$ cat data02.pdb   # PDB, C-alpha atoms (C1' of nucleotides)
ATOM      1  CA  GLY W   3     -47.538  52.345  26.834
ATOM      2  CA  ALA W   4     -50.197  55.130  27.014
ATOM      3  CA  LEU W   5     -51.859  54.400  23.616
ATOM      4  CA  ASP W   6     -55.492  53.140  23.318
ATOM      5  CA  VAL W   7     -54.341  50.671  20.571
ATOM      6  CA  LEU W   8     -52.133  49.096  23.362
ATOM      7  CA  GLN W   9     -54.718  49.298  26.251
ATOM      8  CA  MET W  10     -55.826  46.138  28.177
ATOM      9  CA  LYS W  11     -59.495  45.199  27.338
ATOM     10  CA  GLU W  12     -62.309  43.690  29.497
ATOM     11  CA  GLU W  13     -62.103  40.329  27.629
ATOM     12  CA  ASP W  14     -58.397  39.905  28.578
ATOM     13  CA  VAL W  15     -59.075  40.892  32.246
ATOM     14  CA  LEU W  16     -61.824  38.214  32.466
ATOM     15  CA  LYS W  17     -59.309  35.607  31.084
ATOM     16  CA  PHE W  18     -56.772  36.606  33.788
ATOM     17  CA  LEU W  19     -59.481  36.393  36.537
ATOM     18  CA  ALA W  20     -60.610  32.929  35.295
ATOM     19  CA  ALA W  21     -57.063  31.331  35.338
ATOM     20  CA  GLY W  22     -55.802  32.491  38.804
ATOM     21  CA  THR W  23     -52.914  34.639  37.357
ATOM     22  CA  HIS W  24     -53.381  37.369  40.042
ATOM     23  CA  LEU W  25     -52.874  34.992  43.059
ATOM     24  CA  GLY W  26     -49.285  34.817  44.415
ATOM     25  CA  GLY W  27     -47.724  32.824  47.305
ATOM     26  CA  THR W  28     -47.654  33.268  51.129
ATOM     27  CA  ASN W  29     -44.069  34.702  50.863
ATOM     28  CA  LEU W  30     -42.678  37.870  49.186
ATOM     29  CA  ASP W  31     -39.071  38.716  48.175
ATOM     30  CA  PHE W  32     -38.037  42.406  48.572
ATOM     31  CA  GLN W  33     -37.266  42.726  44.803
ATOM     32  CA  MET W  34     -40.905  41.757  43.864
ATOM     33  CA  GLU W  35     -42.683  44.228  46.242
ATOM     34  CA  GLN W  36     -43.376  46.950  43.573
ATOM     35  CA  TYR W  37     -45.555  44.413  41.611
ATOM     36  CA  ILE W  38     -47.964  43.706  44.562
ATOM     37  CA  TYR W  39     -51.413  45.176  45.323
ATOM     38  CA  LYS W  40     -52.061  43.801  48.882
ATOM     39  CA  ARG W  41     -51.876  40.720  51.198
ATOM     40  CA  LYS W  42     -55.263  39.012  51.924
ATOM     41  CA  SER W  43     -56.752  38.203  55.385
ATOM     42  CA  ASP W  44     -55.729  34.602  54.699
ATOM     43  CA  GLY W  45     -51.920  34.952  54.161
ATOM     44  CA  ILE W  46     -51.750  35.207  50.294
ATOM     45  CA  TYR W  47     -50.387  38.064  48.077
ATOM     46  CA  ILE W  48     -52.348  39.685  45.163
ATOM     47  CA  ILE W  49     -50.269  40.523  42.042
ATOM     48  CA  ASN W  50     -51.267  43.845  40.375
ATOM     49  CA  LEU W  51     -52.804  43.018  36.928
ATOM     50  CA  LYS W  52     -51.877  46.364  35.220
ATOM     51  CA  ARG W  53     -48.194  45.812  36.168
ATOM     52  CA  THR W  54     -48.273  42.452  34.229
ATOM     53  CA  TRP W  55     -49.499  43.972  30.908
ATOM     54  CA  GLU W  56     -46.807  46.725  30.871
ATOM     55  CA  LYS W  57     -43.983  44.188  31.562
ATOM     56  CA  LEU W  58     -45.448  41.750  28.942
ATOM     57  CA  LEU W  59     -45.578  44.506  26.245
ATOM     58  CA  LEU W  60     -41.988  45.517  27.187
ATOM     59  CA  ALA W  61     -40.963  41.828  26.744
ATOM     60  CA  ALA W  62     -42.732  41.604  23.312
ATOM     61  CA  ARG W  63     -40.903  44.851  22.254
ATOM     62  CA  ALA W  64     -37.619  43.067  23.097
ATOM     63  CA  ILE W  65     -38.584  39.835  21.173
ATOM     64  CA  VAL W  66     -39.647  41.798  17.991
ATOM     65  CA  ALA W  67     -36.239  43.617  17.967
ATOM     66  CA  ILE W  68     -34.351  40.404  16.832
ATOM     67  CA  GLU W  69     -34.082  40.194  12.989
ATOM     68  CA  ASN W  70     -33.720  36.343  12.762
ATOM     69  CA  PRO W  71     -36.402  34.492  14.838
ATOM     70  CA  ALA W  72     -34.263  31.318  15.258
ATOM     71  CA  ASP W  73     -31.806  33.378  17.447
ATOM     72  CA  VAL W  74     -34.400  33.395  20.338
ATOM     73  CA  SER W  75     -34.271  30.337  22.700
ATOM     74  CA  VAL W  76     -37.276  29.092  24.803
ATOM     75  CA  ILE W  77     -37.080  26.806  27.933
ATOM     76  CA  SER W  78     -39.184  24.788  30.446
ATOM     77  CA  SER W  79     -37.951  21.872  32.632
ATOM     78  CA  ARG W  80     -41.243  21.509  34.664
ATOM     79  CA  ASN W  81     -44.058  19.653  32.801
ATOM     80  CA  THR W  82     -46.702  22.449  33.113
ATOM     81  CA  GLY W  83     -44.745  24.607  30.581
ATOM     82  CA  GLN W  84     -43.617  21.895  28.057
ATOM     83  CA  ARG W  85     -46.726  21.917  25.745
ATOM     84  CA  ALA W  86     -46.758  25.746  26.044
ATOM     85  CA  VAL W  87     -43.100  26.319  24.891
ATOM     86  CA  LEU W  88     -43.583  23.826  21.989
ATOM     87  CA  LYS W  89     -46.713  25.774  20.812
ATOM     88  CA  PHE W  90     -45.021  29.202  21.309
ATOM     89  CA  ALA W  91     -42.057  28.055  19.127
ATOM     90  CA  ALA W  92     -44.517  26.773  16.439
ATOM     91  CA  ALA W  93     -46.507  30.071  16.315
ATOM     92  CA  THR W  94     -43.247  32.145  16.006
ATOM     93  CA  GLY W  95     -39.936  30.617  14.792
ATOM     94  CA  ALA W  96     -37.873  30.407  18.058
ATOM     95  CA  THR W  97     -35.782  27.354  19.206
ATOM     96  CA  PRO W  98     -37.466  25.247  21.977
ATOM     97  CA  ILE W  99     -35.769  23.135  24.681
ATOM     98  CA  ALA W 100     -37.996  20.872  26.852
ATOM     99  CA  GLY W 101     -37.035  18.498  29.721
ATOM    100  CA  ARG W 102     -33.390  18.370  30.952
ATOM    101  CA  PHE W 103     -30.986  21.135  29.842
ATOM    102  CA  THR W 104     -27.415  19.708  29.432
ATOM    103  CA  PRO W 105     -24.735  21.746  31.336
ATOM    104  CA  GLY W 106     -22.320  23.470  28.917
ATOM    105  CA  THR W 107     -24.827  23.788  25.980
ATOM    106  CA  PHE W 108     -23.953  27.552  25.768
ATOM    107  CA  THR W 109     -20.179  27.336  26.643
ATOM    108  CA  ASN W 110     -18.678  23.930  25.548
ATOM    109  CA  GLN W 111     -17.849  24.966  21.917
ATOM    110  CA  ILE W 112     -17.143  21.333  20.750
ATOM    111  CA  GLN W 113     -20.366  19.746  22.173
ATOM    112  CA  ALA W 114     -22.943  18.000  19.889
ATOM    113  CA  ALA W 115     -25.802  20.174  21.295
ATOM    114  CA  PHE W 116     -23.799  23.491  21.213
ATOM    115  CA  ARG W 117     -25.709  26.722  20.315
ATOM    116  CA  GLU W 118     -25.133  30.494  20.476
ATOM    117  CA  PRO W 119     -28.467  32.506  20.761
ATOM    118  CA  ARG W 120     -29.215  36.315  21.043
ATOM    119  CA  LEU W 121     -32.132  36.230  23.582
ATOM    120  CA  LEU W 122     -33.261  33.748  26.296
ATOM    121  CA  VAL W 123     -36.803  33.223  27.713
ATOM    122  CA  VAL W 124     -37.444  30.950  30.780
ATOM    123  CA  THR W 125     -40.615  29.707  32.544
ATOM    124  CA  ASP W 126     -39.547  29.718  36.261
ATOM    125  CA  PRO W 127     -36.255  31.253  37.685
ATOM    126  CA  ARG W 128     -35.893  28.739  40.586
ATOM    127  CA  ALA W 129     -36.436  25.625  38.393
ATOM    128  CA  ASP W 130     -34.649  26.799  35.159
ATOM    129  CA  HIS W 131     -31.475  27.898  37.094
ATOM    130  CA  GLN W 132     -28.826  26.157  34.873
ATOM    131  CA  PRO W 133     -29.453  28.182  31.609
ATOM    132  CA  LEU W 134     -29.798  31.381  33.758
ATOM    133  CA  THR W 135     -26.415  30.968  35.532
ATOM    134  CA  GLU W 136     -24.768  29.686  32.293
ATOM    135  CA  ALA W 137     -25.900  32.864  30.395
ATOM    136  CA  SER W 138     -23.509  34.905  32.678
ATOM    137  CA  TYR W 139     -20.458  33.540  30.705
ATOM    138  CA  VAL W 140     -21.635  34.687  27.193
ATOM    139  CA  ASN W 141     -23.306  38.205  27.336
ATOM    140  CA  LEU W 142     -26.932  36.886  26.890
ATOM    141  CA  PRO W 143     -30.046  39.058  27.875
ATOM    142  CA  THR W 144     -32.910  37.322  29.788
ATOM    143  CA  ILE W 145     -36.755  37.366  30.139
ATOM    144  CA  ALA W 146     -38.598  35.356  32.902
ATOM    145  CA  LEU W 147     -42.114  34.696  34.348
ATOM    146  CA  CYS W 148     -41.841  35.543  38.118
ATOM    147  CA  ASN W 149     -44.034  34.731  41.181
ATOM    148  CA  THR W 150     -43.933  36.683  44.535
ATOM    149  CA  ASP W 151     -41.127  34.440  45.972
ATOM    150  CA  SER W 152     -38.967  34.221  42.779
ATOM    151  CA  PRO W 153     -35.228  35.106  43.260
ATOM    152  CA  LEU W 154     -34.178  37.898  40.810
ATOM    153  CA  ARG W 155     -30.395  37.237  40.228
ATOM    154  CA  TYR W 156     -29.805  37.290  36.395
ATOM    155  CA  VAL W 157     -33.220  38.276  34.826
ATOM    156  CA  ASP W 158     -33.478  41.618  32.917
ATOM    157  CA  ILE W 159     -37.243  41.593  32.275
ATOM    158  CA  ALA W 160     -39.360  39.891  34.993
ATOM    159  CA  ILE W 161     -43.116  39.416  34.191
ATOM    160  CA  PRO W 162     -45.322  39.268  37.384
ATOM    161  CA  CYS W 163     -47.639  36.197  37.368
ATOM    162  CA  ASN W 164     -48.722  32.997  39.152
ATOM    163  CA  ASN W 165     -46.343  30.349  37.644
ATOM    164  CA  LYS W 166     -47.274  27.444  40.033
ATOM    165  CA  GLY W 167     -49.034  25.351  37.337
ATOM    166  CA  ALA W 168     -52.128  24.506  35.236
ATOM    167  CA  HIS W 169     -54.056  27.173  33.195
ATOM    168  CA  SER W 170     -51.982  30.195  34.411
ATOM    169  CA  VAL W 171     -48.673  29.083  32.739
ATOM    170  CA  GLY W 172     -50.295  28.158  29.380
ATOM    171  CA  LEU W 173     -52.279  31.462  29.243
ATOM    172  CA  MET W 174     -49.111  33.614  29.653
ATOM    173  CA  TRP W 175     -47.267  31.898  26.734
ATOM    174  CA  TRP W 176     -50.396  32.166  24.521
ATOM    175  CA  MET W 177     -50.814  35.898  25.304
ATOM    176  CA  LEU W 178     -47.072  36.601  24.666
ATOM    177  CA  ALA W 179     -47.362  34.838  21.239
ATOM    178  CA  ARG W 180     -50.485  36.954  20.420
ATOM    179  CA  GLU W 181     -48.785  40.357  21.029
ATOM    180  CA  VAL W 182     -45.445  39.519  19.249
ATOM    181  CA  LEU W 183     -47.494  38.419  16.161
ATOM    182  CA  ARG W 184     -49.721  41.576  16.411
ATOM    183  CA  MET W 185     -46.992  44.253  16.591
ATOM    184  CA  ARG W 186     -44.797  42.520  13.932
ATOM    185  CA  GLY W 187     -47.915  42.849  11.657
ATOM    186  CA  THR W 188     -48.913  39.131  11.199
ATOM    187  CA  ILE W 189     -52.426  39.357  12.869
ATOM    188  CA  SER W 190     -55.072  42.067  13.671
ATOM    189  CA  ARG W 191     -55.026  44.332  16.800
ATOM    190  CA  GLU W 192     -58.903  44.280  16.764
ATOM    191  CA  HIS W 193     -60.257  40.956  15.294
ATOM    192  CA  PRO W 194     -60.036  37.902  17.708
ATOM    193  CA  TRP W 195     -57.304  35.250  17.097
ATOM    194  CA  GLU W 196     -58.069  31.746  15.660
ATOM    195  CA  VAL W 197     -55.879  29.882  18.257
ATOM    196  CA  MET W 198     -57.732  29.003  21.516
ATOM    197  CA  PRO W 199     -55.847  29.473  24.906
ATOM    198  CA  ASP W 200     -56.833  25.877  25.917
ATOM    199  CA  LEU W 201     -54.323  24.493  23.300
ATOM    200  CA  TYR W 202     -51.409  25.559  25.635
ATOM    201  CA  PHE W 203     -52.714  24.029  28.967
ATOM    202  CA  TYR W 204     -51.274  20.867  30.665
ATOM    203  CA  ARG W 205     -53.085  17.512  31.183
ATOM    204  CA  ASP W 206     -56.536  18.102  32.690
ATOM    205  CA  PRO W 207     -58.418  14.711  33.106
ATOM    206  CA  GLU W 208     -59.050  13.501  29.517
ATOM    207  CA  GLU W 209     -62.311  11.401  29.750
TER     208      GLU W 209
ATOM    209  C1'   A C   1      54.511 -35.803  26.118
ATOM    210  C1'   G C   2      61.470 -35.470  21.240
ATOM    211  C1'   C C   3      58.736 -32.030  27.859
ATOM    212  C1'   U C   4      63.844 -31.997  29.082
ATOM    213  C1'   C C   5      69.316 -34.217  28.718
ATOM    214  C1'   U C   6      73.179 -36.984  25.485
ATOM    215  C1'   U C   7      73.381 -38.017  19.853
ATOM    216  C1'   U C   8      72.866 -36.490  14.434
ATOM    217  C1'   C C   9      69.711 -37.148  10.716
ATOM    218  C1'   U C  10      65.396 -34.131   8.586
ATOM    219  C1'   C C  11      62.381 -29.927   6.473
ATOM    220  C1'   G C  12      62.661 -25.414   3.300
ATOM    221  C1'   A C  13      61.146 -18.914   3.702
ATOM    222  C1'   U C  14      55.223 -21.286   6.064
ATOM    223  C1'   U C  15      58.534 -19.604  10.788
ATOM    224  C1'   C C  16      61.989 -17.204  14.674
ATOM    225  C1'   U C  17      63.212 -12.540  17.604
ATOM    226  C1'   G C  18      62.423  -7.188  19.940
ATOM    227  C1'   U C  19      58.725  -3.187  20.165
ATOM    228  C1'   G C  20      53.614  -1.631  19.261
ATOM    229  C1'   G C  21      48.814  -3.928  19.007
ATOM    230  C1'   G C  22      45.347  -7.788  19.312
ATOM    231  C1'   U C  23      42.584 -12.279  21.001
ATOM    232  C1'   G C  24      40.264 -15.460  24.327
ATOM    233  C1'   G C  25      37.940 -16.006  29.441
ATOM    234  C1'   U C  26      31.301 -20.819  33.353
ATOM    235  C1'   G C  27      37.023 -14.105  35.562
ATOM    236  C1'   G C  28      34.612  -9.232  38.747
ATOM    237  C1'   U C  29      30.290  -5.838  39.083
ATOM    238  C1'   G C  30      22.467  -8.045  38.218
ATOM    239  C1'   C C  31      23.855  -1.674  43.032
ATOM    240  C1'   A C  32      26.404   0.207  35.256
ATOM    241  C1'   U C  33      22.697  -2.140  31.306
ATOM    242  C1'   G C  34      19.330  -4.959  27.105
ATOM    243  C1'   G C  35      16.230  -9.187  26.698
ATOM    244  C1'   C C  36      13.353 -12.651  29.453
ATOM    245  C1'   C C  37      10.838 -14.235  33.978
ATOM    246  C1'   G C  38       8.683 -13.685  38.832
ATOM    247  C1'   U C  39       5.857 -10.556  42.332
ATOM    248  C1'   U C  40       2.872  -6.300  44.264
ATOM    249  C1'   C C  41      -2.593  -8.421  42.598
ATOM    250  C1'   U C  42      -6.858 -12.818  40.717
ATOM    251  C1'   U C  43      -8.860  -8.656  42.596
ATOM    252  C1'   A C  44     -11.790  -4.604  39.491
ATOM    253  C1'   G C  45      -8.716  -1.250  38.318
ATOM    254  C1'   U C  46      -6.538   3.033  34.988
ATOM    255  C1'   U C  47      -6.277   7.786  31.470
ATOM    256  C1'   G C  48      -6.437  12.279  27.769
ATOM    257  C1'   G C  49      -9.430  16.293  25.042
ATOM    258  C1'   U C  50     -13.065  20.543  25.421
ATOM    259  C1'   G C  51     -16.295  22.570  29.647
ATOM    260  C1'   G C  52     -17.090  23.811  35.282
ATOM    261  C1'   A C  53     -14.507  24.731  40.659
ATOM    262  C1'   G C  54      -9.802  26.647  43.393
ATOM    263  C1'   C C  55      -3.931  31.967  44.045
ATOM    264  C1'   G C  56      -2.208  26.719  44.218
ATOM    265  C1'   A C  57      -0.733  21.356  44.885
ATOM    266  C1'   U C  58      -5.255  19.323  43.136
ATOM    267  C1'   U C  59     -10.501  18.102  41.687
ATOM    268  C1'   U C  60     -15.210  16.776  38.798
ATOM    269  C1'   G C  61     -16.288  13.317  34.830
ATOM    270  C1'   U C  62     -14.844   8.059  37.610
ATOM    271  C1'   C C  63     -21.922   9.057  41.739
ATOM    272  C1'   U C  64     -26.781   8.924  46.789
ATOM    273  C1'   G C  65     -29.618   4.330  45.706
ATOM    274  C1'   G C  66     -30.791  -0.633  43.319
ATOM    275  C1'   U C  67     -28.359  -4.788  40.574
ATOM    276  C1'   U C  68     -23.959  -8.096  39.028
ATOM    277  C1'   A C  69     -18.651 -12.785  39.091
ATOM    278  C1'   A C  70     -17.117  -7.536  37.163
ATOM    279  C1'   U C  71     -15.779   0.647  37.089
ATOM    280  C1'   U C  72     -21.491  -5.375  34.865
ATOM    281  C1'   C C  73     -26.039  -2.857  34.005
ATOM    282  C1'   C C  74     -30.324   0.559  35.446
ATOM    283  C1'   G C  75     -30.716   5.346  36.806
ATOM    284  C1'   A C  76     -29.284   9.907  38.847
ATOM    285  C1'   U C  77     -26.460  14.184  37.192
ATOM    286  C1'   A C  78     -21.809  20.655  35.893
ATOM    287  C1'   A C  79     -20.577  17.729  32.786
ATOM    288  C1'   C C  80     -20.134  15.943  27.212
ATOM    289  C1'   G C  81     -17.783  12.582  23.964
TER     290        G C  81
END

$ encode --input "data02.pdb" --output "structure tokens"
Amino acid sequence: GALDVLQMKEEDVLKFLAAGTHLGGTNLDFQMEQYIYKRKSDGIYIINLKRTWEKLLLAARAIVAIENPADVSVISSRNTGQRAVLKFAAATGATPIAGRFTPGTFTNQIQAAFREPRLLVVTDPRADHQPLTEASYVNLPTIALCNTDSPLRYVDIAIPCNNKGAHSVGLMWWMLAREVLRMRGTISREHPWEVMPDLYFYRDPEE
RNA sequence: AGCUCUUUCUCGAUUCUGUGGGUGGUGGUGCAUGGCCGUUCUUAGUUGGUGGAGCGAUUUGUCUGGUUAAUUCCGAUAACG
């Protein structure tokens, strides 16, 4: 949005630059091309950082529009997102799934794990492909974190970022939790937040 | 064998006689059947419900690999129980 109260600050841009979020792959799909700045002299694509913040605020404006927070479902089958989705679901009251998704969880009405959500958020479209393709049987809207070579086939909001691993995946979930809590009125739009980004990251060498 | 022939005593409504109808049969059909037994077959095999795939007969589950006397376990996984 145009508003100064929604503008991206210097201190967020430095946190993007320090985590590698702007660095894509060596390949580009034709659906992702509008999110790209340029290709480097070494064959790597640069993701446009202002495009990310608009698509992330549009995603937060979808997540705030659900009146019961337990109706939102959150997923990661790769390890680099598992701590991050568990912390996101603690900060705001969504339902997490981590590890293997069981086929038929959304469509086998009798099943012990059966559930019926209103919104679905996924960490990587190529890896999390079962809950994406299974959402096509039940009228379920979708948000996803997309790299330059991600296949867009059932996602309705794609957020441009490096999703390969490490600090970049944890930072995106932390920043999405910050803005949903801000615009619902639970924390300040000006005072810094008490939760450090480093709480969401995956398994750097411990000692 | 009073079976039958000659003879001349005996019993007492129980039988005899014609028609209808029964009853019995190690008689016929095991290619009309039940029950029982043998064999395919001594091996590891077989099947619903709800979900997914095909216009359909059908299929997945019931598996690439390792392990076991074993569809026995581990694990993998559009299937779950």

$ atom_distance --input "data02.pdb" --atom1 "CA of residue 183 (chain W)" --atom2 "CA of residue 168 (chain W)"
24.1 Å

$ residues_around --input "data02.pdb" --residues "region 109-120 of chain W" --least-positions-apart "2" --cutoff "9 Å" --atoms "only C-alpha atoms (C1' of nucleotides)" --output "count of residues only"
21

$ closest_residue --input "data02.pdb" --among "W:173, W:128, W:93, W:103" --to "chain C" --atoms "all atoms listed in the file"
W:103

$ closest_residue --input "data02.pdb" --among "C:5, C:73, C:78, C:37" --to "residue 60 (chain C)" --atoms "all atoms listed in the file"
C:78

$ closest_residue --input "data02.pdb" --among "W:108, W:154, W:165, W:176" --to "chain C" --atoms "only C-alpha atoms (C1' of nucleotides)"
W:108

$ closest_residue --input "data02.pdb" --among "W:124, W:189, W:8, W:92" --to "residue 77 (chain W)" --atoms "all atoms listed in the file"
W:124

$ atom_distance --input "data02.pdb" --atom1 "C1' of residue 77 (chain C)" --atom2 "CA of residue 101 (chain W)"
13.6 Å

$ closest_residue --input "data02.pdb" --among "W:132, W:58, W:161, W:153" --to "chain C" --atoms "all atoms listed in the file"
W:132

$ resolve_selection --input "data02.pdb" --expression "the PyMOL selection byres ((chain C and resi 71) around 12)" --output "list in words"
residues 44, 45, 46, 62, 63, 70, 72 and 73 of chain C

$ atom_distance --input "data02.pdb" --atom1 "CA of residue 171 (chain W)" --atom2 "CA of residue 6 (chain W)"
26.7 Å

$ residues_around --input "data02.pdb" --residues "residue 184 (chain W)" --least-positions-apart "6" --cutoff "12 Å" --atoms "only C-alpha atoms (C1' of nucleotides)" --output "list in words"
residues 7, 8, 59, 62, 63, 66, 93, 94, 177, 178, 190, 191, 192, 193, 194 and 195 of chain W

$ residues_near_point --input "data02.pdb" --point "(-53.1, 25.1, 25.6)" --cutoff "9 Å" --atoms "all atoms listed in the file" --output "MDAnalysis selection string"
chainID W and resid 85:86 89 169 172:173 176 198:204

$ residues_around --input "data02.pdb" --residues "residue 41 (chain W)" --least-positions-apart "6" --cutoff "9 Å" --atoms "only C-alpha atoms (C1' of nucleotides)" --output "ChimeraX atom specification"
/W:28,47-48

$ resolve_selection --input "data02.pdb" --expression "the PyMOL selection byres ((chain W and resi 34) around 9)" --output "list in words"
residues 30, 31, 32, 33, 35, 36, 37, 38, 148, 149, 150, 151, 152, 153, 154 and 162 of chain W

$ resolve_selection --input "data02.pdb" --expression "the PyMOL selection byres ((chain W and resi 125) around 8)" --output "MDAnalysis selection string"
chainID W and resid 77:78 83 123:124 126:127 130 146:147 165

$ closest_residue --input "data02.pdb" --among "W:157, W:5, W:121, W:76" --to "residue 99 (chain W)" --atoms "all atoms listed in the file"
W:76
